[PDB]
Amino acid sequence: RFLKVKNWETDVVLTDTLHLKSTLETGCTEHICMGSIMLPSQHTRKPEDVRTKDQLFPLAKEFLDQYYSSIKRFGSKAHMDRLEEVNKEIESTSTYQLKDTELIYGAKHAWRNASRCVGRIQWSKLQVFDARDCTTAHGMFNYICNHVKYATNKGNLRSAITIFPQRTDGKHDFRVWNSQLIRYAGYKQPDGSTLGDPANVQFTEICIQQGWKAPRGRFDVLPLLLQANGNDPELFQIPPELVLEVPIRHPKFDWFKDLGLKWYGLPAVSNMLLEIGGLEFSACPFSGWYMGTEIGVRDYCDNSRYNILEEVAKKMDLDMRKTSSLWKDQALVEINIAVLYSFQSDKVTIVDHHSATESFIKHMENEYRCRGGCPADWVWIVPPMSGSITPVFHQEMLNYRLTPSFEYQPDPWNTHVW
Amino acid sequence: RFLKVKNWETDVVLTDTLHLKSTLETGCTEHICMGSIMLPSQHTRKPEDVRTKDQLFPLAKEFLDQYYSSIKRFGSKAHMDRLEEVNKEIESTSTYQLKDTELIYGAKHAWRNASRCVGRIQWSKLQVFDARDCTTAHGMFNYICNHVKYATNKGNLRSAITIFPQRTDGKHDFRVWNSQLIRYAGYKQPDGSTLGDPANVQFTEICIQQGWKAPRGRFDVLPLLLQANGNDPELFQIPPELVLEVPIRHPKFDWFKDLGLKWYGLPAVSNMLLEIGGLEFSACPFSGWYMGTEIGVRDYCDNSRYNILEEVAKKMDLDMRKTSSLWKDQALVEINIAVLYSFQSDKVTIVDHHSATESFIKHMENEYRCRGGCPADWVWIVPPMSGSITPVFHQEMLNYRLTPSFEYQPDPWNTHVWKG
Ligand code: HEM
Ligand code: HEM
Ligand SMILES: CCOc1ccc(-c2ccc3c(C)cc(N)nc3c2)cc1CN
Ligand SMILES: CCOc1ccc(-c2ccc3c(C)cc(N)nc3c2)cc1CN
Ligand SMILES: C[C@H](O)[C@H](O)[C@H]1CNc2nc(N)[nH]c(=O)c2N1
Ligand SMILES: C[C@H](O)[C@H](O)[C@H]1CNc2nc(N)[nH]c(=O)c2N1
Ligand SMILES: [Zn+2]
């Protein structure tokens, strides 16, 4: 019940006491571990499930309890008043509103509890943008452009999140239909293949279905599809001058430029759901900065993505006859070298997976020492390449669901009543 | 209860019904996943936990029921009598003996149930050597030498397992004290540096204390340390001609040979515990053939192992002045290229991690189809390098514990009552 985690590269041993405060479930049992399932039920929030007055007050109390404890005002007049106050508003309005300070604590701590996120050492430095006064898609678009501009910062990226109005009755949900603010378009081909980004083929079609006019190029930045107050969603193009992009060249292989590769600097996830004291913020786009492998290993080399490995290996003149030459691996390494190099050269913020895993280990040590633990999903913290030469590999981790939290939610087109 | 797993690269969806036939715990609860803990309590077997007739027959019957189903004899006269036979023998003698066929089924299925093993496609082709008549350390040394000779097979490796007498009262255990039959020594120098394999420093010291004349080189094959019937362990030198080794060179880099590296061909794990129908076999060495990354990534590049990365990078003339150059990644690929090249060049059986994972995916699908499941520990199945360009990465997996099964067990020097 007071659990121990060990690093097998350093013999460091941490005691975890924080898992005791765990609220939600993991999808695992004593009989079967599901720690490798992508989207178990508990990590997803279906929109039919609106909160009731009785479920909502305990959730609100538990949030306010930790909030006021963090500010060293636990059990104090201020704490009591607030609980009283929130309690009253719930009894009357069947919901409640977060104070700005709480909202900020909420956001920051949702990130802090993101067990799958390796970049959490930066959790306290998050820029929170209150957009709960927003009422239209145009209004949403404006907030999102401002987020994107504040975040990009001419390459010197800064973490940020913009929070739109909380769910009410499921009929008035704010939703960004894009999974990321900035993503490349994917087009089905009559000759069979796929142009651009295969992971976006469906969305890119729904964009065209809703009236987008696509350049049908290979790195076409998609338009935003914004849904305010449960209404039908609207198409807005992000101003080109606000979408920072980095041409991909290699520091040694001058032919690399010829592949014509580029990526965008701003990783900004928009389809998740921020939950705070029982309140459901279904549009809450948030951003930081890439880890090299995310673009280079996954976005470029994964089969269901750009899949350029064969093409790169070819230009390297590696022996591609047999898998045991590890040509796939060799290529994969140069590709990530190039991505790191392109970004650094353009002075666009990026972290390599060695630096970032080392940072996380520090963060862990910090959280165990000052918080008594740090929930963590090993399957997602260990980088998709060079796994065991990074320190997170030998680090035992405990995975459990704290709150406030980011959660998954169904894609809007499945659920949106038109 | 039916369960689904998805592959996110091919959109294949499989249904697991085999998890229902699961007994042992995982170490997880609803409120915590411990899927990354290396040796959970339930994956281990302490020798003091010796089984009473109480729980033994339920376990016996479960296993016998499994066996006779596989051979399509469930409920047959032979099945009923065997149950009765095992029943009498337990209430009469507090344990029982497996028949030859039963022991073979058991060992094969423990492999098949080994959720952390990527190589289980080969599970049905396991050579089982019954060493249950063994009574001495010298008897063990002989069985073990024969295991090594058979399994090596001049470099064309064969899967084998040798099975020594089951535990009784936990005071007469058979143990092989080596973590592997073949492993290099490790010596803690005075200056803090280690010579050889850092992994084996402690075990080396024991051997040295037991009276092993240590040659003290970077690649010394350790002596077998063998305990029969609860007696104090004894030192045996594996005959060098039986230990197949491969000098490591690189197919393009000529200076790589001058790193002085080599490795043994035959991975043979000896410190685990074979559980079959309640019986515990505390000494049951098993061997197959290496996946390349085991040597190249873990054995050579782990900071707590030979840790040659810096010297390789130095000789490759990489930019080692910041991680951003991915020199650590770059050298690691070279070293694994070298290990695969050297082995294949010498016609010693080895598999690359691309071939191995692709095979496992195929195996697993096959297992879902004709068994209703395949337990698998993602954390262990996914290769320690180039993870997401192998097809196991995007494959969702269920982990659960079936019997028969291989378990962990405490190091013998920690639990052994010495005689002198
Ligand atoms: C500042 C630099 C950051 C880095 C380097 C980073 C890195 C990562 C990486 C590598 C992943 C795994 C995703 C994948 O590889 O496919 C991830 C997941 C995630 N990150 Fe972070 N991130 C950063 C900032 C943030 C911020 C600002 C937030 C929230 C405000 C956040 C919350 C999350 C969440 C919620 C997930 C997925 C969790 C889940 O699916 O359960 N991260 N991040
Ligand atoms: C023949 C080729 C084989 C290959 C390529 C192979 C591969 C592997 C690998 C790579 C691991 C993970 C070890 C690590 O990297 O730390 C593993 C684990 C394991 N394998 Fe296999 N293996 C083979 C044969 C066998 C055999 C013959 C047995 C038993 C009869 C076996 C049973 C196991 C067990 C019990 C584990 C660890 C499970 C645990 O710790 O719970 N494997 N295997
Ligand atoms: C299949 C959907 O899974 C995801 C879930 C979350 C993220 C994610 C979410 C936020 C991130 C942030 C904020 C920064 C960053 N560098 N990477 C991030 C990655 C990525 C993925 C893509 N593997
Ligand atoms: C802390 C103990 O962890 C392990 C557990 C099992 C194995 C293992 C066990 C059996 C193997 C076999 C039979 C073949 C092979 N190629 N590799 C094998 C590797 C290795 C290790 C070493 N990481
Ligand atoms: C902490 C974690 O359980 C530990 O480092 C594991 C991770 N996965 C592994 N996977 C394999 N195949 N071998 C290992 O030794 C490990 N080590
Ligand atoms: C099935 C498996 O869980 C899935 O492929 C996971 C594995 N680990 C991952 N890790 C990260 N960082 N991102 C991912 O998308 C995934 N995918
Ligand atoms: Zn689990």
Side-chain angles (χ1 to χ4, degrees), chain A residues 8 34-39 43 107-108 110-123 125-128 151 157-161 267-269 272-274 284-295 297-299 302 349-351 353 355-357 359-360 377-384 388 399 401 405-408, chain B residues 5-9 38-39 111 114 116-119 122 126 157 159-161 179-180 199 266-272 285-295 298-299 302 350-351 356 378 380 382 384 387-388 392-397 406 408:
Chain A
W8 296 86
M34 294 199 156
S36 78
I37 307 286
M38 260 221 143
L39 308 149
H43 204 333
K108 282 179 178 193
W111 186 8
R112 200 186 187 179
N113 304 346
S115 65
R116 290 187 169 168
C117 174
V118 75
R120 283 185 274 157
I121 191 178
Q122 285 279 125
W123 76 270
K125 274 152 286 191
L126 173 68
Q127 185 61 224
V128 167
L157 311 203
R158 297 171 301 188
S159 331
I161 174 175
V269 151
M272 294 195 69
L273 185 153
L274 161 66
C284 57
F286 55 87
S287 82
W289 58 78
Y290 271 119
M291 181 172 72
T293 56
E294 291 188 277
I295 313 160
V297 176
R298 305 307 311 286
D299 299 322
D302 278 8
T349 299
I350 188 159
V351 68
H353 59 281
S355 188
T357 50
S359 292
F360 183 69
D377 184 326
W378 190 103
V379 173
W380 282 62
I381 303 296
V382 176
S388 56
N399 200 24
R401 309 213 80 268
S405 59
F406 293 107
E407 310 283 3
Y408 293 112
Chain B
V5 291
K6 185 170 178 169
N7 185 291
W8 286 91
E9 175 192 7
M38 211 174 76
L39 23 91
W111 186 6
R116 294 185 168 171
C117 176
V118 74
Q122 291 287 3
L126 172 67
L157 273 48
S159 312
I161 179 179
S179 27
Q180 299 172 38
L266 172 83
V269 162
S270 44
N271 60 7
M272 298 204 60
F286 48 90
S287 72
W289 50 81
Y290 272 116
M291 180 159 77
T293 51
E294 298 186 84
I295 314 139
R298 309 309 308 288
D299 293 323
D302 277 23
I350 193 169
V351 64
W378 198 98
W380 275 65
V382 177
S388 56
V392 295
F393 180 93
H394 317 265
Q395 179 70 60
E396 293 186 329
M397 293 164 196
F406 289 115
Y408 290 124

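As the structure lists them, so they are numbered: ligands from 1, and atoms in each ligand from 1. A, B, ... follow the sequence lines: proteins, then strands. Residue 1 opens every chain. When reading the values below, keep in mind they use all heavy atoms of this one structure, side chains included, and skip hydrogens, waters and symmetry mates.
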Notebook entry, point to check: Do you know the tightest heavy-atom contact between B:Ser388 and A:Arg298?
Noted result: OG-CD, 3.7 Å
Check: Of all heavy-atom pairs between A:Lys125 and A:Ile121, which one has the smallest distance, and what is that distance?
Finding: NZ-O, 4.1 Å
Could you list the atoms of ligand 4 found under 4.0 angstrom from a heavy atom of [X]?
X	result
B:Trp289	16 (N)
B:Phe286	10 (C), 13 (C)
B:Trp380	3 (O), 4 (C), 5 (C)
B:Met38	1 (C)
B:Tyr408	3 (O), 5 (C)

Note to self: Checking the N or O distance criterion of under 3.5 Å, is ligand 1 in contact with A:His43?
What the structure shows: yes
Checklist line | ligand 6 contacted by A:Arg298 (non-hydrogen, < 4.0 Å) | finding: yes
For [atom], what is the nearest protein heavy atom, given as residue, atom name and distance?
atom	answer
atom 3 (C) of ligand 1	A:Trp289 O, 3.7 Å
atom 29 (C) of ligand 1	A:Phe286 CD1, 3.2 Å
atom 34 (C) of ligand 1	A:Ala114 CB, 4.1 Å
atom 36 (C) of ligand 1	A:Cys117 CB, 4.3 Å
atom 7 (C) of ligand 1	A:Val118 CG1, 3.9 Å
atom 40 (O) of ligand 1	A:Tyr408 OH, 2.2 Å

Would you say [X] touches ligand 1, if touching means a heavy atom closer than 4.0 Å?
X	answer
A:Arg120	no
A:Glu294	yes
A:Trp123	no
A:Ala110	no

Checklist line | Candidate pair B:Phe286 and B:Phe406, rule side chain to side chain contact (heavy atoms under 4.5 Å, CB included), full reasoning | finding: CA-CA 10 Å; B:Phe286 48 90; B:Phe406 289 115; 3.7 Å; yes
Notebook entry, point to check: Checking side chain to side chain contact (heavy atoms under 4.5 Å, CB included) for the pair A:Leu126/A:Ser159: CA distance, chi angles, key distance, verdict?
Noted result: CA-CA 5 Å; A:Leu126 173 68; A:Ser159 331; 4.0 Å; yes
Check: Should the proximity of B:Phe393 to ligand 6, defined as any heavy atom under 4.0 Å, be assigned to the side chain, the backbone, both, or neither?
Finding: both
Within the 4.0 Å heavy-atom shell around [X], which atoms of ligand 6 are there?
X	value
A:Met38	4 (C), 6 (C), 15 (O), 17 (N)
B:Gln395	1 (C)
A:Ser36	1 (C), 2 (C), 3 (O)
B:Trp378	2 (C), 7 (C)
B:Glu396	1 (C)

Item checked: Heteroatom proximity flag, B:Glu294 to ligand 4, N/O under 3.5 Å -> yes
Notebook entry, point to check: Mind checking whether B:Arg298 has an N or O less than 3.5 Å away from an N or O of ligand 4?
Noted result: no
Notebook entry, point to check: What class does the angle between the rings of A:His43 and A:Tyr408 fall in, given that below 30° is parallel, 30 to 60° is tilted and above 60° is perpendicular?
Noted result: tilted
Next item on the list: For A:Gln122 and A:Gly119, indicate whether the former's side chain and the latter's backbone hold a donor-acceptor pair under 3.5 Å.
Entry: no
Nearest option to [atom], as decided by whichever heavy atom of [options] sits closest:
atom	options	answer
atom 37 (C) of ligand 1	A:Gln127, A:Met38, A:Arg116, A:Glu407	A:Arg116
atom 10 (C) of ligand 4	B:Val269, B:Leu157, B:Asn271, B:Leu39	B:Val269
atom 25 (C) of ligand 1	A:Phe406, A:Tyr290, A:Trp111, A:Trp380	A:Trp111

Next item on the list: Give the numbers and elements of all ligand 1 atoms closer than 4.0 Å to a heavy atom of A:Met291.
Entry: 10 (C)
Check: Taking only heavy atoms of A:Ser287, which atoms of ligand 1 are found under 4.0 Å from at least one of them?
Finding: 27 (C)
Notebook entry, point to check: Passes side chain to side chain contact (heavy atoms under 4.5 Å, CB included), B:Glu9 versus B:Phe393? Steps please.
Noted result: CA-CA 9 Å; B:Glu9 175 192 7; B:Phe393 180 93; over 6 Å; no
Check: For the atom pair CD (B:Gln395) and OG (A:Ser36), what is the distance rounded to the nearest 0.5 Å?
Finding: 8.5 Å
